[PDB]
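Only one chain is given next, in structure tokens, and it is the form deposited without the ligand.
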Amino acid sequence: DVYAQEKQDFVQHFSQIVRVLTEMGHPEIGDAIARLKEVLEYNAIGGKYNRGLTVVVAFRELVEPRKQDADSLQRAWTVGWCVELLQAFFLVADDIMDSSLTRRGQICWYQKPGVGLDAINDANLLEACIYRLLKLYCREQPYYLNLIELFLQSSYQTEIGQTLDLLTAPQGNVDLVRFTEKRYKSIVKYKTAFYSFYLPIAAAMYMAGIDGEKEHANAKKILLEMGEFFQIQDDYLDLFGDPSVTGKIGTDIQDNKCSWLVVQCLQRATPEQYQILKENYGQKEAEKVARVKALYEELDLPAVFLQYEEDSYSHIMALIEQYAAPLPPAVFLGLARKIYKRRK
């Protein structure tokens, strides 16, 4: 597993990241820099680092070994950490917005005593650190502007997606007719697929001098479909995953979300089951959440997910055969192996 190979060096670059962002010229901001170090240590560390690692792995596979010198590698590990900072920004904010309880095996940052809504600022600081790192490591490289624009555009797309997520899930307002497959695909494309799948591979592409519109469009055809699958898996794991593996408690039913689970339910339900769903969805009561889960189990949605995972894998692999060239297929296969059969 190429992610295992690269992982140790990537994780150890984090001290470096923390040291370059937390230092000398302005001691008047030291208390703020100390707080940033706490935010970084609590929120950017404890995941799987798959999005950032995808940058590094892809870079190694796209760049000739002769061009993978010491400084080129520091830049690739830095840009990977930029992706992880992006994720950390997003998760901190999303946990607030979703009223989540745990994340990565610990209490959400905003739930910690003495943090609360100051987390809004902490999150945005994480976002700022991306642009600082790109400037400190990549400003003299011919891909600098391409990466700045990629991160900014990926944030915009992701924020548009999140707007669709929140709008399709108004609190205390159950209208099941909104929850369609078409709407679902739109939400997940924007909220998850661009940043989680296109972004890291595209960053590596740009670092390797692959800036062509056509090469980017082809990669995207693979990567956005991978991303859809990933978010479907995320939705399934929200309810049916083991939290000691996922590291977080699910909130989709209580938060009235347009999950893949509820879309599948709606496609299968009898009128009677529809009414049960309607009376019990989008509400905080533990027994109403439990009724919805029982309904999903009654309608064999775990088995449906397992079948969808098989079919989607196949479809993605077909897209790799179709759209990988002229890049090495391993770039996409490494990422597919990571996500398929994930229960994490």
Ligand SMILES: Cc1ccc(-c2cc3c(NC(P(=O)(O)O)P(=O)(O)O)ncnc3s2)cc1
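Counting begins at 1, following the sequence as shown.
If you look for the form solved in complex with the ligand, you will not find it shown, but the lines that follow are about it.
Site status: blocked, since the ligand, placed by superposing the C-alphas around its site in the bound PDB entry, has 3 or more atoms within 2.4 Å of backbone or C-beta atoms.
Among residues of the shown chain, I339 is one whose heavy atoms approach the ligand to within 4.5 Å in the bound PDB entry.
Using a 4.5 Å cutoff between non-hydrogen atoms, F230 counts as a contact of the ligand in the bound PDB entry. The ligand in the bound PDB entry is approached by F197, whose closest heavy atom lies within 4.5 angstroms of it. Taking the partner from elsewhere, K278 is found to have every heavy atom lying beyond 4.5 Å of the ligand in the bound PDB entry. The stretch in contact with the ligand in the bound PDB entry, judged by heavy atoms within 4.5 Å, is 230 to 238, chosen from 145 to 153, 261 to 269, 132 to 140, 230 to 238. Applying a 4.5 Å heavy atom cutoff to the ligand in the bound PDB entry picks out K48, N50, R51, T54 from 27 to 63, in order along the sequence.
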